[PDB]
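Report on the structure given below.
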Amino acid sequence: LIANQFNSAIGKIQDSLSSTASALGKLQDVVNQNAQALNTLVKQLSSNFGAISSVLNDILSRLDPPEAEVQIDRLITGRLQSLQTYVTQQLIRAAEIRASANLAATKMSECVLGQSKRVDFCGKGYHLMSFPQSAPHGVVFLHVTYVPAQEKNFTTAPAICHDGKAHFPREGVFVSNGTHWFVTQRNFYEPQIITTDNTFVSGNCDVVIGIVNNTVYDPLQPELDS
Amino acid sequence: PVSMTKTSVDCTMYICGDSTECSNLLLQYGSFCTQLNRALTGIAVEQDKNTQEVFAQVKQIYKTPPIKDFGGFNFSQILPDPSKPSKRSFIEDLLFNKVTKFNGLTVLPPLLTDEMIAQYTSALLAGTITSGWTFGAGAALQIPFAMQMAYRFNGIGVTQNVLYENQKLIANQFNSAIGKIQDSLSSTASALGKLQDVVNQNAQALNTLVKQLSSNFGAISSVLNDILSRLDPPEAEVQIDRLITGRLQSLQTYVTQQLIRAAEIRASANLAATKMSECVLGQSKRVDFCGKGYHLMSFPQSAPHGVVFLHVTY
Amino acid sequence: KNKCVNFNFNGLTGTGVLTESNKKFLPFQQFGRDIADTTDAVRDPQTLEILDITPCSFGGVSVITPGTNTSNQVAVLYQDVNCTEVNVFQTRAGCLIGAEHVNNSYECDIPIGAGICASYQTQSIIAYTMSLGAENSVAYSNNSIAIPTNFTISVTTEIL
Ligand SMILES: *[C@@H]1O[C@H](CO)[C@@H](O[C@@H]2O[C@H](CO)[C@@H](O)[C@H](O)[C@H]2NC(C)=O)[C@H](O)[C@H]1NC(C)=O
Ligand SMILES: *[C@@H]1O[C@H](CO)[C@@H](O[C@@H]2O[C@H](CO)[C@@H](O)[C@H](O)[C@H]2NC(C)=O)[C@H](O)[C@H]1NC(C)=O
Ligand SMILES: *[C@@H]1O[C@H](CO)[C@@H](O[C@@H]2O[C@H](CO)[C@@H](O)[C@H](O)[C@H]2NC(C)=O)[C@H](O)[C@H]1NC(C)=O
Ligand SMILES: *[C@@H]1O[C@H](CO)[C@@H](O[C@@H]2O[C@H](CO)[C@@H](O)[C@H](O)[C@H]2NC(C)=O)[C@H](O)[C@H]1NC(C)=O
Ligand SMILES: *[C@@H]1O[C@H](CO)[C@@H](O[C@@H]2O[C@H](CO)[C@@H](O)[C@H](O)[C@H]2NC(C)=O)[C@H](O)[C@H]1NC(C)=O
Ligand SMILES: *[C@@H]1O[C@H](CO)[C@@H](O)[C@H](O)[C@H]1NC(C)=O
Ligand SMILES: *[C@@H]1O[C@H](CO)[C@@H](O)[C@H](O)[C@H]1NC(C)=O
Ligand SMILES: *[C@@H]1O[C@H](CO)[C@@H](O)[C@H](O)[C@H]1NC(C)=O
Ligand SMILES: *[C@@H]1O[C@H](CO)[C@@H](O)[C@H](O)[C@H]1NC(C)=O
Ligand SMILES: *[C@@H]1O[C@H](CO)[C@@H](O)[C@H](O)[C@H]1NC(C)=O
Ligand SMILES: *[C@@H]1O[C@H](CO)[C@@H](O)[C@H](O)[C@H]1NC(C)=O
């Protein structure tokens, strides 16, 4: 079942990517931002900045050096400013990318090379494993997680009273279907008969709030009788 | 700090105040103006995204049950007061109290209202209290609060029995500590310094931008109308160019600082989102990620342009 | 008064709305300025009257459009302007024109701002208060627990 659920989910990934382009928006956005910035840089060459012509060749073709220098100076001032603007925005943008890259590297380490207990860090659910796929100017992570599908109400007790002693589950939680008490692990319903090996004994019944009364089976007792 | 004020400056108005002569000169400077507008718009959208990242981490809007039997733990102070107009908790109200144009620069309202952020925090807390960490992972599975706490005690290394036996004491210690939080916030404003600082920085930057309009930059008059009323267009052009050069530089300075400032806020917002996930939606074993001590659980409270986390530790 | 006019007091040009002011000018004071050092009040030359200058209403225009692919119908938002100054609905964002306000809350499609989102639905552009999500009351009880009986392996994609 788990293998089938896994295979199915990978199938859906293929479908999603094949259908909708928007899925890779973050990557596309980065591309678009850099393209717009360069387009702007190129267009600023067409700006006159108060000079007679934006074309540098026109200025020197029309004017002698003393006059030409004034017009060239305006173009230089404008073009240098334009490029400074570009470089500054790129530095800021690069720092945003470096942050993303550091995050991608961190996830590569803690999600692909390991199993993360950090919540949501590797996808919504309880992270199992994750697989990296190269993407243009980016990385894509397929996070396989475990999500509990179907759930049921049970009445629960913090502890049970046996012989005036309080039994708490070693791991797990006490549950009652309504008639019989069992101990199940929290994440998946596997009821087991409450036994001495499923429980540890601390203190007495009196201090524990919400304690219920249920027999705790001892495996050794039958063996002695037999 | 999760977000800043979304601020938009129309440069063609800032640089030239409804003056056509000036606007024509501004055209020669190219698409500088469009680029400035674009930069600021980017920041504003980022601010909305920052808030979504932190607060909208909850599948459904969970509601706490009318019966608050949380095993003696009392959350009335951090849970919303319905009686109040905005459904904000007592602590959120204190936080809101603590934290404190015509030139082409306007403020755009945030996409989520304060009431909506308060509803998101209420959903997170209700999920946390009633269902533990399960709401993060999937469908919120109810678990009694005193038993949820026992799992969190197993998480730090202490056996379940310790919590059960000392339940009254732990509940009292918890309630007391929340009391102290109320007291601290009411007594001293300085506590929300980080949030205040963000506000102050944005205000100073705008104040500077407005003051730079009064600068002449070597023109005869800082007032653009004075130049036009006193001088013929050829002569006026030189003076207007000086004003344009100065005003455009002033605004570029502003935009650049805001881009850098936004990036710092986005980092904080990313951290706030990461703490919402590993601290509120789960129990962090990372040391000091979620308060000093062994983290048990944590509860988010909306604050102006920020989030506040109450970390319960052992 | 009470109109956007191009005024000129003693060779001081400006465009603004002149209103009778309540400012307590002292006899000598010619005109008032601001926090920002912006002229915002005048004493009339021909009359001893103080007039508050309010800049004529200006605001940004945003066009809310579903893709052109989808529809050519558009809604216009006049930011921070009263509707009088301009399917007309006033939001905290500004004056929204071309969008029908709908009570039913939906997931935010196009964020107009201040909690108000727009979408294209059965068609016309509609404006609504965005829904945060499906309200749920968890079945909390001091003795009730919910334990999952099954699971779903799920693969989700994160792009960086
Ligand atoms: C809860 O589960 C227990 C264990 O399966 C049920 O107790 C059993 O009931 C069947 C039918 O009467 C008997 O054949 C078994 O001998 C019982 N087992 C034990 C452990 O005694 C119980 O009936 C179930 N209750 C509900 C509410 O469905
Ligand atoms: C669990 O079992 C204990 C022991 O039988 C119960 O305590 C008895 O309660 C009855 C009714 O109050 C008294 O008459 C006995 O004197 C009590 N015995 C002792 C040793 O205290 C206890 O009430 C039971 N609890 C539940 C949940 O039924
Ligand atoms: C949790 O503690 C709070 C704070 O002491 C209690 O709220 C008070 O309730 C009493 C009435 O019972 C009022 O007189 C106080 O004015 C309230 N204080 C404030 C500031 O809210 C609350 O009732 C306690 N809840 C429980 C479950 O005991
Ligand atoms: C352990 O925990 C705290 C540490 O300060 C103390 O708890 C107090 O215990 C006394 C006596 O039982 C109570 O009257 C107080 O109300 C408790 N105070 C608090 C902070 O809740 C005490 O030092 C130690 N208590 C025990 C039970 O060992
Ligand atoms: C747990 O869920 C899986 C589905 O994820 C269930 O498997 C299905 O079982 C029904 C009945 O045989 C079939 O019609 C489906 O084709 C099965 N689906 C798959 C993907 O195999 C499984 O039965 C569930 N178990 C429980 C506890 O109900
Ligand atoms: C648990 O019980 C409550 C009250 O009867 C109910 O509303 C809820 O749907 C139940 N949940 C499950 C998983 O059966
Ligand atoms: C749960 O609350 C009920 C009242 O709603 C009370 O009678 C009962 O003793 C409590 N039980 C536990 C498990 O503490
Ligand atoms: C002319 O000046 C006097 C000053 O006292 C004033 O009373 C009168 O209203 C003025 N007339 C005009 C043209 O406004
Ligand atoms: C409109 O969108 C659909 C779906 O993406 C696409 O197939 C189609 O080519 C688009 N048409 C136009 C007018 O771009
Ligand atoms: C528009 O003006 C009216 C009348 O003063 C006022 O009640 C209303 O609040 C204003 N609305 C906006 C959008 O400012
Ligand atoms: C939506 O709400 C308003 C009240 O604010 C009301 O006038 C209108 O009838 C409502 N729409 C319906 C019920 O179709």
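Distance between the C-alpha centers of the range B:19-62 and the range B:193-255? Whole Å please.
If you average the Cα positions of each part, the centres end up 21 Å apart.
Using Cβ counts within 10 Å as a stand-in for footprinting exposure, how do A:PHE174, B:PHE96, B:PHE299 rank, fewest first?
B:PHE96, B:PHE299, A:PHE174
Rank the residues A:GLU190, B:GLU21, B:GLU165 as a footprinting-exposure proxy: fewest other Cβ atoms within 10 Å of their Cβ go first.
Details: A:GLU190 12, B:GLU21 15, B:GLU165 20.
Final ranking by Cβ density, sparse to dense: A:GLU190, B:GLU21, B:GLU165.
Could you list which residues have their amide H under 5 Å from that of B:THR313, counting only those 5 or more apart in sequence or on another chain, with H placed in the peptide plane?
Answer set, sorted by chain and number: B:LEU296.
Between C:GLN121 and A:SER8, take the C-beta separation as r, use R0 = 41 Å, and let me know the FRET efficiency to the nearest 0.05.
0.80
Starting at the first residue of the range B:251-263, write each ³J(HN,Hα) from the Karplus equation 6.51 cos²θ - 1.76 cosθ + 1.60 with θ = phi - 60°, in whole Hz, x for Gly and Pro.
So the J values, rounded to whole Hz, are 6, 4, 4, 4, 4, 5, 5, 5, 5, 4, 5, 5, 5.
Can you work out ³J(HN,Hα) from phi for every residue in the range A:195-201, in order, using Karplus 6.51 cos²θ - 1.76 cosθ + 1.60 and θ = phi - 60°, giving whole Hz and x for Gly and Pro?
Per-residue couplings from phi come out as 9, 5, 7, 8, 9, 10, 10 Hz.
Work out the mean other chain Cβ neighbour count within 10 Å for the residues of A:80-87 and drop it here as an integer.
On the way: counts 0, 7, 5, 0, 2, 7, 1, 0.
Per-residue shielding by partner chains comes out at 3.
Run the dipole for the protein assembly as shown about the Cα centre, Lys and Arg Cβ at +1, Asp and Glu Cβ at -1, nothing else charged, and hand back the magnitude in debye, nearest 20.
Working: 48 positive and 56 negative charges, 143 e Å.
Its charge dipole is roughly 680 debye.
Treating cross-link reach as a plain straight distance, find the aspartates and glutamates whose alpha-carbon is under 13 Å from the alpha-carbon of A:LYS117, omitting any fewer than eight places away in the same chain.
Cross-link targets: B:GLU278.
In Å and on Cα atoms, what radius of gyration and Dmax does the range B:2-156 show?
23.2, 74
Please give every one of the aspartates and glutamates within straight-line cross-link reach of C:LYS1, meaning a C-alpha to C-alpha distance under 19 Å, and leave out same-chain neighbours fewer than 8 residues apart.
C:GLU20, C:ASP40, C:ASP44, C:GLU49, C:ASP52, C:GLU85
Find how many whole Å separate the alpha carbon centroid of the range A:115-131 from the alpha carbon centroid of the range C:1-18.
65 Å
Mind listing the long-range amide H neighbours of A:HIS127? Cut-off is under 5 Å, sequence gap 5 or more, other chains count too, H placed in the peptide plane at 1.01 Å from N.
A:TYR146
Checking the table B:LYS6/B:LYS68; B:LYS63/B:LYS275; B:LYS101/C:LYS23; B:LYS194/C:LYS23; A:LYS124/A:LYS152 against a 31 Å threshold on Cα-Cα, which pairs fail?
B:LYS6/B:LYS68; B:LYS194/C:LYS23
Excluding A:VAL87 itself, what net charge comes from residues whose Cβ is under 13 Å from its Cβ, given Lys and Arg +1 and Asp and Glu -1? Please report the intermediate quantities before stating the final value.
Values: positive: A:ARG79, A:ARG93; negative: none.
Combined, the nearby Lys, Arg, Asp and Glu give +2.
To make sure I understand the rule: partners must be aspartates and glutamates, Cα under 18 Å from the Cα of A:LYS43, and not fewer than 8 residues away in the same chain. Which ones qualify?
Qualifying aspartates and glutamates at Cα under 18 Å: A:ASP58.
How much net charge surrounds B:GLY293 when only other residues with a Cβ under 13 Å from its Cβ are counted (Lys, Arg +1; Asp, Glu -1)? Before the final figure, lay out each step's value.
Numbers: positive: B:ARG152, B:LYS285, B:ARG286, B:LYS292; negative: B:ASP288.
Local net charge: +3.
Which order do C:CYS117, C:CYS56, A:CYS205 fall in if you start with the one that has the fewest other Cβ atoms within 10 Å?
C:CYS56, A:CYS205, C:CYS117
Averaging sequence separations of C-alpha pairs under 8 Å and six or more residues apart, then dividing by the length of the range A:176-226, give the relative contact order as a whole percent.
29 percent
Compute for the range C:61-116: radius of gyration divided by Kirkwood radius, i.e. Rg/Rh, restricted to C-alpha atoms, rounded to two decimals.
Values: Rg = 11.3 Å, Rh = 11.9 Å.
So for the range C:61-116, dividing Rg by the Kirkwood Rh gives 0.95.
For the range A:57-147, build the charge dipole from Cβ charges (+1 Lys, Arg; -1 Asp, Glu) around the Cα centre, then report which of A:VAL70, A:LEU113, A:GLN89 sits farthest towards its positive end.
It is A:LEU113, whose Cα lies furthest towards the positive end.
Evaluated at 20 °C with a viscosity of 1.002 mPa s, what Stokes-Einstein diffusion coefficient in µm²/s does chain B have when Rh comes from the Kirkwood expression over alpha-carbon pairs?
On the way: Rh = 22.4 Å.
Translational D for this selection: 96 µm²/s.
Can you give the helix-only mean residue ellipticity at 222 nm for the protein assembly as shown, where every DSSP H stretch with n ≥ 4 adds -39500 (n - 2.57) and the sum goes over all residues, rounded to the nearest 500 deg cm²/dmol? Please report the intermediate quantities before stating the final value.
Working: 17 runs with 269 residues, N = 700.
Calculated mean residue ellipticity at 222 nm is -12500 deg cm²/dmol.
If you plug each phi of the range A:187-193 into the Karplus form 6.51 cos²θ - 1.76 cosθ + 1.60 with θ = phi - 60°, what whole-Hz ³J(HN,Hα) values come out, in order, with x for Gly and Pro?
Ordered by residue, 3J(HN,Hα) equals 7, 8, 7, 9, x, 10, 4 Hz.
When the Cα atoms of the range A:22-144 are enclosed in a convex hull and the volume is divided per residue, what value in Å³ results?
Measuring per residue, one finds 122 Å³ for the Cα hull of the range A:22-144.
All of the numbers you see were taken from the coordinates with simple rules; none came from a lab. As a convention, Cβ positions derive from the backbone with ideal geometry for all residues, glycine included, and neighbour counts pool all protein chains shown.
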